[PDB]
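J.: an experimental structure, sequence included, is below.
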There are 2 protein chains.
Amino acid sequence: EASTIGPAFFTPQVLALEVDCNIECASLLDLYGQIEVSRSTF
Amino acid sequence: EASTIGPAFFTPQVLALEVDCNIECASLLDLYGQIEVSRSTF
């Protein structure tokens, strides 16, 4: 009898899923002047 | 080895910028009347 015969004879069915709700900043990068050095000192 | 051997084995990458940040003022010399002259005391 259901709900009396245990806790896991029935298997849940996984569905498509992606719930994230993780946030980031904006990007204050393209504003600044850009330099591409090659050594580690300039 | 490194980081304890002089400071002359490492040649910095001389990048090609030259920060200036010096305002002149603003020009006001094209409004005035212009006259070429000769020997002084006209």
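T.: Received it, and whenever you're ready, just let me know what you need. Residues are numbered from 1 along each chain as shown, chains lettered A, B, ... in the order given.
J.: what parts of chain A come near chain B?
T.: Residues of chain A lying near chain B by CB under 8 Å from any CB of the partner chain: A:35, A:37-39, A:41-42. In short, each C-beta sits where N, CA and C put it, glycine included.
J.: so the residue nearest the centre of chain A, which state does it fall into?
T.: Geometric centre of chain A, nearest residue: residue A:20, 5.6 Å, by CA atoms, centre = their mean. Following DSSP: H, G, I helix; E, B strand; the rest coil, residue A:20 is assigned to coil.
J.: can you give me the buried ones in stretch A:6-26?
T.: By neighbour count on 16 or more other CB atoms under 10 Å in any protein chain shown, the buried set for stretch A:6-26 is empty.
J.: stretch A:26-40 spans what distance, first to last residue?
T.: Taking CA to CA, to the nearest Å as the measure, stretch A:26-40 stretches 28 Å from start to finish.
J.: same check, this time on stretch A:1-20
T.: Note: stretch A:1-20 ends 38 Å apart using CA to CA.
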